[PDB]
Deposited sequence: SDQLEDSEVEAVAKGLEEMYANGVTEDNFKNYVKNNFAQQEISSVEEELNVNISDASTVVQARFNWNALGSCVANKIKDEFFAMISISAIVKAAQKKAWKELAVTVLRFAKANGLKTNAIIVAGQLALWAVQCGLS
């Protein structure tokens, strides 16, 4: 299914952004410090989120919560099982044609689970 090199790149990004907690600030500051504007803008358009300028209605977020267990995600982040977390949210993304930067996408999905779950 998922290419393991992309899984590990996503897991490493999650580990770096969220080493000190899954927070909106840690996500946005990590993304703005590590990705080009163009890459960020593509994710913002795909997910209808604002990253480069808590819980409000979002299409994709609701479909994410209907398919993927919030409890499974939060447990993975609690244990710092970042590659477990990555495969779980990447399975949702590839299914739904979320083809923008997988590290940013995974970061946003993990944030949604923790801050909105």
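Student: So which bits of the deposited sequence did not make it into the model?
Tutor: Coordinates drop out over 1-2, 56-70, 135-136.
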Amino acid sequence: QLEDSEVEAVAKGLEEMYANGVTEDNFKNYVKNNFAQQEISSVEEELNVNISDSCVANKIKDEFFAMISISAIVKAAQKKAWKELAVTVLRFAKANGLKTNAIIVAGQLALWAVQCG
From here on, numbers count along this sequence of modelled residues.
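Student: Between 54-62 and 24-32, name whichever shows the higher mean Cα B factor according to the PDB entry.
Tutor: Mean C-alpha B-factor is greater for 54-62.
Student: In the PDB record, does 14-22 or 103-111 carry the higher mean Cα temperature factor?
Tutor: Here the higher of the two C-alpha B-factor means belongs to 14-22.
Student: Rank-wise, by C-alpha B-factor, drop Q38 into the lowest, middle or highest third of its chain.
Tutor: Answer is highest: the recorded C-alpha B-factor places it there.
Student: Could you say whether, by C-alpha temperature factor, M67 belongs to the lowest, middle or highest third of its chain?
Tutor: For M67, whose C-alpha B-factor we compare with every modelled residue in the chain, the answer is the highest third.
Student: With respect to C-alpha B-factor, does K83 fall in the lowest, middle or highest third of the chain as deposited?
Tutor: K83: CA B-factor falls in the lowest third of its chain.
Student: What third of the chain does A77 rank in for C-alpha temperature factor, lowest, middle or highest?
Tutor: Middle third of the chain for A77's C-alpha B-factor.
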